[PDB]
Each structure stands twice: as C-alpha cells, then as structure tokens.
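Trainee: Before anything else, here's the structure in question.
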Amino acid sequence: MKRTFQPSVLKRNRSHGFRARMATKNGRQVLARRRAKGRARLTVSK
Amino acid sequence: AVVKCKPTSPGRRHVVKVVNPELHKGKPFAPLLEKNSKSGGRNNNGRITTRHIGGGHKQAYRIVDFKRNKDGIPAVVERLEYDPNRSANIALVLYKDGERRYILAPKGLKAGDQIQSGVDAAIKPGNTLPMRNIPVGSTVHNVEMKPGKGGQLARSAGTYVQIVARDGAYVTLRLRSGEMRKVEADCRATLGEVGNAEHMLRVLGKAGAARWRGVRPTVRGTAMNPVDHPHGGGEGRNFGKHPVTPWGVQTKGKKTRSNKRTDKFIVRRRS
RNA sequence: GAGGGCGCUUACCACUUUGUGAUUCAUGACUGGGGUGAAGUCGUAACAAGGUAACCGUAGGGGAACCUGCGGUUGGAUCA
RNA sequence: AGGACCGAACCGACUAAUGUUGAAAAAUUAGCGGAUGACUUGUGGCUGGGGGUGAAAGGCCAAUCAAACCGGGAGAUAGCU
RNA sequence: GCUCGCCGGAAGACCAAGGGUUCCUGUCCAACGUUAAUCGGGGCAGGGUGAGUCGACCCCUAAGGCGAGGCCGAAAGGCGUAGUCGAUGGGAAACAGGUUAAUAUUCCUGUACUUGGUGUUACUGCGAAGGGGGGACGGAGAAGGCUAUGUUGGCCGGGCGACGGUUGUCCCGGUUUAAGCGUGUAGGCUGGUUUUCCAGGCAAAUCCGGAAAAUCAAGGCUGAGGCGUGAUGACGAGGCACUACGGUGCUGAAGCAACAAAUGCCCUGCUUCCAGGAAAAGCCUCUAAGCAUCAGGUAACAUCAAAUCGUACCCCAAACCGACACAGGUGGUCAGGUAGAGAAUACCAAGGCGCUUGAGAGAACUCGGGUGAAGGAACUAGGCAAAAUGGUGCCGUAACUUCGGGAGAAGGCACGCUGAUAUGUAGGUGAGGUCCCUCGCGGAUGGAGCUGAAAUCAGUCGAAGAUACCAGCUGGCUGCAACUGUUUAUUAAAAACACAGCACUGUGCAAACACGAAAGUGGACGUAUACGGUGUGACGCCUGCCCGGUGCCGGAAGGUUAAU
RNA sequence: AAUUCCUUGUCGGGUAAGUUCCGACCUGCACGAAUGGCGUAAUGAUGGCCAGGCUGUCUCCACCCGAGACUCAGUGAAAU
C-alpha cells in the first residue's frame, strides 16, 4: 500500500539537506560530531 | 431590495438575499488591487492566533482613500459597485484632472454626482468639511479621529454617527453603540449615511455557504476534555461550573477594555 | 356431395379472484364538556352605587363565579 | 438553478468474506454510502514532543504514541521479582 | 515456428518528480533468482543516446525563508528595511522525411523562427531597476464557425471464389503530410478624425487620464478552418538491377466528397452566476539621464555564437517504493470498431501478455460457483446471512404537510425479429435554379446528395424477447437527531460532532485577543449591519418558582486591610 | 419512557403464548417548561413492533462444477 517514504530531491534536499544544516545552530553540530566520528561523508543527500 | 430565494434542494424557500440592481456588475479599477493572501488565523511563527477563520474563496483587496489625500479638488462619482472586502459598497471617484480613487459610499445610488471638499463647497451630503463649520444634531457619515489621520467609525452598511454638542476647538460624537466622546473640530466629516443599509436582512442559506466566506468549524469546548479546551468536563451535559474562554476565563459579561490613552475624551460608554 | 346442424374458433360475456384509494352504520380502554337531586363543600359573579359601577370587544391570569390591562359604550346611580 | 434524481472513475469504510510466523505490520474482494461539493487531490511552504494538528476521537504525528524517535544526567532510584 | 488462451480507458504506448546505463550485442555457471536453469533486470567484455528553439539554468514571482543599517534576547539565536532567495505558476524561438545494433525537433536533408553581436543601405530620437498599457487569471451552460478520428461514396489496385451461394441482394487494402508565412474569412468585439483647454500618474511626459466645439459615420480591432504555401517535394499499391543474398535505394500511381461528435481549435469567445477568482520580468509606450565621433529605433539585406547541465532506459513497474522478483502504493499524456447513455459491461483491433514451482488423483471436508421437491422465519438476543425486486417509456399514486414536499409513494402496462405505411416518415445537414445584395468563403427560398429515429399496423418463432452483461425491499405504528456533511486510521459512523439559524456576552480601532516577558505577526488593513468568546440547534405552540451558593455589572459611602 | 425498585403494573387493540409493540390509566424511588416542555413537514447503509412480499436461515439439506485437500517429484520455516 502507501509507504511513508515518498521520493523527491527538492523536498529531501531542503529537509535533511546540507546547506541549511551548515547555516543553523544545531545543524552545524551534526557536522562537528560527524567529523569526530570520522565519516566519509557529512551529507546524507546524494 | 431585498428578495426571497427558491428551493433547488431541501431547503431554501424562506431564505433572503440582498440584491442591489443599481450597482455596476463590471470590473474593479485595477491600479488599486493587492493580493492580500490569507493567513488562516495563524501568525508569522504560529499556531492559531484567531480561531474559526480559515479558507477562501481567493479575493483581492481594493485600496480605499479613507485618508482623503489632497484638499478642495473638484470630482465626480463615476461608478457605484459592490466590494467583498467590506459591506457598505464602494464609490469610484474621479477628480477633474483624471485622478481615480476608491472612496466610502453615500446612501445615494445616482451616479455622475459632482463632489468636492470645502466650506464654500455646496452644502449637500458627500462634500467633506471640518466639523468646526457645522451645527448640532447633524449626521456626519464616516470621520477621522485626529486631523488628517483618515476615516474610521460607521463604515458598515447603513451605519452613521451624529454630532450632539460642539464647543471651542472640539466636537462631541454620539455613537449608535451607546458611546459618546470628543474629537477635534479640525477633523473632517462627509455628512449623511453610508451605503447598502440592507446587509442585516440576509440569512445566508446552508452550512456550506459560509465555507467560502472564510469560515471553518471548531468543536464545542463543552464537548471535549479539559486537557484540550478548559470548558470540557467529564461525561458532559451537566457542567456544574461557569462558562469560559479557551484560557479558562469568564465568557459572559466580563469587561476587557484597558486602553488608558483615549478615555479622557469619553463622556458616556456602551452598556 | 350440397344445404343445415352438432363440433371448433375470432369477438363481446354473466359468474368470479386480487391490489390500491375512498365511503358508511354501529361499536371501543378511556375522557372532556351538558343534564340532575339533596337546608352538601368553597366562594359570592349579575340584579340597588349589587358590596372594587356595569356592559361590548380582546390578550393574559385564578380553584371558580370571574379578575386585571387597553380600546369602545353610558342602554347607569350619587353634588351629578 | 442544485451541500437535487441516478451511476463508473475517485473517495468513504456501513455490512458480508478471505487472511492471522499475512501477498498486506488492516490488506484484498463483493454489496453499500457519497460522486461541482461543507467533494476529492498533486507539489511546495508553515506549525513539533509537556510541543504540534484536530466538523474531537484526550484521535493522530514517517511500521513505535494519554508523551514517538535519538543523545546525556545515569551501571538513576526500587524495604521489590 | 505453428497452433492455443487472456488484456485491450490496459495486462497498450508516451511522461514529470523517481532511479540513473539496468538500453543494444556477445558471453557467463561461480554467487543470486520462490522448482530446474541452457536465462537474466546478477556477472564479464564490447556498442550507444550530438540541440539557440524540447528539458533545466541564464531572467520573474506566490506562500515562505534569509537579511547590512535598525531592533529583541544571558548568549547561541530570533525579527525586519534596503536587498536576496523561492515552484506546485510567469519568462522571444520548430516542423519531420531520412541513416544504423541502441537515440535524434539535435546527425543528414529541407525550411521556419528568437535574443544579442558584426557588417551593408535609407530614413531617423532613442531611453531608465522611473510613469501608463500588457502580463492577468473563478464556476457553469447553450448556440454559431470548425477539426484529428470513425462511417460511407467517388478515385487507385485486386477477387467472383473451397465446403451451400458469391461478375453482383458485394468483399479486401490504399486514399498520408508540417511548424511558418499569406488572404485575412467565419466566429467575436467596437465609434473615429480635427482644432483645443486642463489643479492627475512621488520629477517630467506628444503615453494614459479629465472635458468642449466642429464633422462624419458603414470603417476599425481580434482571429479558427478553408484555400494558398512550405511541395513541380516528401511518403505511397507499384517500377528496376544485383551480390545466388543480410536487402538494395533510386524512382512512382490514386491521394477527392459527404455525415456524427469532442476529451481538440476559433476560446485568456459569448451568455449567465456570485464565492469577483497571483505577482513580476521579458514585452509595448511616455519621459529623465546619456550622446550625435555615436549609441539606439523603423524597413531591407548579409552575418557570428547561443554557454551551462539534460537527453539511454524502466515508468503505473522484477530499472520508482513495498526487508523479497510480494494479488498493494502510483501526479501527468492518448481515447479505434460492434453493442451501450457510458472511461459500466460484453466481444474484438493496433499493441502487449500467458500471472516463473509443477505433475497426477478425482476422498470427505473446505474456499468460491450452478440447479433444486413440499412448506416458510417455524431461524437468531437480531428475518443476521441469503433471496425476491430491478431495465426504461408511459399511465397511475395515500396518509401526513410548513402546501415547497411526501413521490421513484402504492400500483399497472408494454418489450424479439421481419415487412410496410415512407422500396427511409419525423429530426439534422445541404448543392443547382431563383430572389435580396451596409456585395459574398454572404443571406432568404426550396430540397439533388448525406445521416436517419421512433411509433403504429400486420406478420413470424418458442412455454420464454429486460431474451446475455446492465438493474430499487414496499407499506402501517412508534422512539431519536431537524436536514446534506464529520468521527475513535486498525472491534463504535451514532442518538455524539458540525450547521444556516437562535440566544448570552466581549469589543470605539494602537478594538477585544493570541504566541512571545519583547521582537513582530495574525485579528485587519476589517471598523458595531464589524470582529472576538460561549452556549443552544429546522419549525410551530408555549415557556411557573428561586439571589442561600458560584461568577459578572453597576452603586459608591463605610468596614477588614498592604507598601508607606 | 433513551427516566419507574418491589413489578413480567392494568385495561383496550394484539399473539397459539407475548417481561415485545401501540393506545389509554396516573397507579412516573427526586420527567417538568432556553441543556428548555411537547408535537412536527423534510432526512435516515437507524433501535422497539406489525403486515405484505422472498427465501438453502430452517424443516433437511440432494446432486452437479472448479480450486485447495489427498499422492508424487524438487525448494524448504517457526513456536517448542
């Protein structure tokens, strides 16, 4: 039936997208914890 | 007019509609219209800040000259038409050198009438003058509360105001609400009564016809639980408490005025 | 053989079955108002200025005769 | 002319039916109710956890709910299994 | 391969977001894939989707987001003007014959078109982040002019037949085609010219807006098809030579007319309704600045580049999502023939598929179907479930009623096919001749051609014509909620919830009030016939008693009583 | 009675019997006139009852059909 995931990049890249996460108080902190975890990517949008 | 309806589905046969065949059914003057997008009763960051307001239909706003910019300029009433942003209908005024504005309507329905502000201007209603030049008992139409601030009060269908005293620099208004207060005699009055006057004879017909007039339902506070609306009470149909607002405060008879700026100009107030 | 019957058949058809809607006499738990006797009970409403003048109309009210309000009358007494 | 007649799409979820380590974390079938309307809906934006949003059911909020999910105080505390 | 079964408003074909080489070819055996694999959507090696115009970006804007200066908050951070982002919307410009293993409006070919640049010529005032115009918008319905398509003629090409009949009580295939430019018609809408005055459009303005006198109207604006034209072309039954064969690739005949209708066009037309239904830029004009060393404009001829990223494929799915290749989800495009009102449903095209575990057996029982004696709700807490009825034209139709309704009340009748009236009526269309011409792709008039009901009458078959699919439980008493609508998604769809309305009440606009201490914003840019809070819930007829309690409004003296 | 315990009250209508229903009686443990009191056109995929229709619901099931089941060759789980 209907899934809760419905794919669209316009919406997913303004949702969990890097550019406003890199421009907001707590979004900047996700990036700092991910540099500390040592992830290959900081983004989740590609 | 006003006139009765006819039934197409059960029931409408006793419903009444205003109908004003002396108003122009054509297009509004385009240089005066704005988008005026709805807000659904929700402010900038909200959440609801005024309840029951919600839905369309989509409607442009018409810019009216309530401030009555410039003075003594000869004009004519070129069109009388209906306006859904309001209820008293509108007048389209044309100044002698081709300037067009929307202005608050007279009681009259005859077009081509020549109108101007002034005191050597013809004594007729619709020719605006300062309240220092008029006698007691006069009906003043829509007025400004401070000189040059523009028209407030008695803007709704068939409404008016009366001047019941004058002395020195100030004039006393009697309001149809039961209020009596002073304003400066430098303030402008247009004289007489405002347009429509029939709007209170209308009775809508069917619940859906409000849904395109910016209305949505909301459930009775007495029909839900007290976590939600404070008027809610267990099992319902027998509250045992006073009726209240959505914030648990009195909703019959409790006065709420706290302005403290305009009150020293007031003589008598609404019951 | 024919002619004609008896037979068959097309038409109409008494008798006769249903559905649905009226009509009409009588009757029915019960009940409103009418009649009735009898020194009932309660009050005393009209006749006299009839006990707060009365009556025509009318809405409300009391346990009820009626009482109250307003328009209409004076066919009603008392200075009159 | 229609919150009108009927009836597919579509939407609703009243009755029947199959399913229950399901084909489906309520779905699939038939009847039924609606069907220019207070109808039904695509894309974006706005509102969020003692906080949202409700023609209300203290219903629902990314399979999780009268306080979801994730990370900390914290190997909390438990006359208790 | 051949034959079989199924879908065919989909189970066909195209597409946006979605993913991104899964496309096309060879090859694989190891892992994977509901069995087995020789197969792949899984692996390996090769081949490939070319653009000014089509997509996105370049440019514009809504809801909204962010934001120097200006403000709020310990602070992070938040508002908010200039400013800048913002698609689900606005932005000059395209058609389709070839060439292949994948694609092409891109390559090839023919032709048209947009913005800027560089030349060539004539004439020349052009012009802004400013003014005016435009952009520019809803809901429904019926006429008028049309069109892709289908149906049938004429035209082109063919058959007269195996089983019974088919050279005439006819059948098969073809009859295709453009953006653009023209005439501007149909359809639609509609007064100009001249002289001249003026307190408006933040400055200015020959644009637009306001007004007079004069004079005249048969002109103007807007735009489908038709026809022209792109085309003396392309394509096309065929024609022609040859590798003894994968096609080859030059060349070509007919290519016309009616009738029915849009889901398409005139149409961002008309009438009508009342909910009056985005903005801005590009675009068109007016003027400032700037300048004549020109630049720019109008007309005509030449001529350069036009980047950036996209383009394959799956696509209502084993290439998007479902843990999985799972009876699921799923915005948009398109609409053949018979029957039908229809995108129902029944049979079929074009086109696609055979539900990727199967083979026997013919047990109950079980899911789902078909028919059923003699009665009937006797069953069940519940006539639950099932069953009857049912179409679509006409007749007929109660109580109750607020006379609108009730009402599809109830009830009854008819139904195929053939033939004829009329070798086809009635309805629609329409040519010749004639008539009238604010003159013609015209109108009136009348019916050659076309499309063609339905009814009646009479026959004709069977017990049967709604001959299949299609398609109502009705009435009587009573409770309750006035009604259509809403709800516990997933045990409750209701009497609860909602509502025109009715009542009680707040509110004088820097309204009441909300969230935030505020910054702001919404109410509202509305103004007491308006807005907020609450209850009550059609209508009709009516509506007694109570101020002890609890809250409000007014009275304002006095009492209890704080800081001081 | 969408309200009444003893109580399945009473009578009329009614059923083969009705703790059903409708109407009447007041013979309602504290129904009662703005949450109104009571009727009531229209609406109902509506509770309590009746009639009329129709039946595999039933008396009581009988036969017929597919797809499972059964049996076979392959793939091959969970609670415990």
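Line by line, the protein sequences give chains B2 and BC. Numbered per the authors' numbering, the first sequence spans residues 1 to 46. Numbered per the authors' numbering, the second sequence spans residues 1 to 271. Think of the CB as a built atom: it goes at the ideal place given N, C-alpha and C, for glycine as much as any other residue.
Quick check on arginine 188 (chain BC): buried or exposed, where buried means 16 or more other Cβ atoms within 10 Å of its Cβ?
Mentor: When all chains shown are included, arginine 188 (chain BC) counts as buried.
Trainee: CB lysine 107 (chain BC) to CB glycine 192 (chain BC), shorter than 8 Å?
Mentor: yes
Trainee: Output the boundary residues of the beta strand (DSSP E) element that contains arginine 100 (chain BC).
Mentor: 100-104
Trainee: The alpha helix (DSSP H) that contains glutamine 29 (chain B2), what's its start and end?
Mentor: 25-37
Trainee: With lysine 11 (chain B2) as the anchor, note down where its alpha helix (DSSP H) starts and where it stops.
Mentor: 9-15
Trainee: So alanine 20 (chain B2) is in the alpha helix (DSSP H); what residue range does that whole segment cover?
Mentor: 18-21
Trainee: Is any non-hydrogen atom of the ligand GDP found closer than 7 Å to the C-beta of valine 15 (chain BC), if you look at the structure I gave you?
Mentor: The ligand content of the structure shown is nil, which means the ligand GDP is not present either.
Trainee: Based on the DSSP output, what are the partners of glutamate 144 (chain BC) in its beta bridges?
Mentor: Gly151 (chain BC)
Trainee: Work out the CA separation of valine 76 (chain BC) and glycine 112 (chain BC) for me, nearest whole Å.
Mentor: The C-alpha of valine 76 (chain BC) is placed about 6 Å away from the C-alpha of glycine 112 (chain BC).
Trainee: Expressed to the nearest angstrom, what Euclidean distance is found between the alpha-carbon atoms of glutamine 116 (chain BC) and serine 177 (chain BC)?
Mentor: When rounded, the distance between both Cα atoms is 30 Å.
Trainee: Which runs of the beta strand (DSSP E) at least 3 residues long sit entirely within the segment 130-212 of chain BC? Give them in chain order.
Mentor: 162-167, 170-174 and 180-184
Trainee: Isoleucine 266 (chain BC) lies in the beta strand (DSSP E); which residues open and close that run?
Mentor: 266-268
Trainee: By how many angstroms is the C-alpha of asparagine 20 (chain BC) removed from the C-alpha of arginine 12 (chain BC)?
Mentor: Approximately 20 Å, taken between the alpha carbons.
Trainee: What's the call for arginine 62 (chain BC), buried or exposed, on a 16-neighbour Cβ count within 10 Å?
Mentor: With 16 or more Cβ atoms within 10 Å of its Cβ, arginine 62 (chain BC) is classed as buried.
Trainee: Under the three-state reduction of DSSP, which class applies to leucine 94 (chain BC): helix, strand or coil?
Mentor: strand
Trainee: Classify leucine 32 (chain BC) as helix, strand or coil using the three-state DSSP reduction.
Mentor: In the structure shown, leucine 32 (chain BC) falls within a helical segment according to DSSP collapsed to helix, strand and coil.
Trainee: Return the CA-CA distance between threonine 24 (chain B2) and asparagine 85 (chain BC), expressed in angstroms with no decimal places.
Mentor: Their Cα atoms are separated by approximately 40 Å.
Trainee: Decide if the segment 55-71 of chain BC is in contact with the segment 204-214 of chain BC; the criterion is three or more beta carbon pairs, one per stretch, under 8 Å apart.
Mentor: yes
Trainee: Could you check the C-alpha separation between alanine 32 (chain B2) and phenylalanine 18 (chain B2) for me, to the nearest Å?
Mentor: Distance between the alpha carbons of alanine 32 (chain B2) and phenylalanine 18 (chain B2): 13 Å.
Trainee: Any idea what DSSP makes of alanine 223 (chain BC), helix, strand or coil?
Mentor: Per DSSP, reduced to three states, the secondary structure at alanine 223 (chain BC) is helical.
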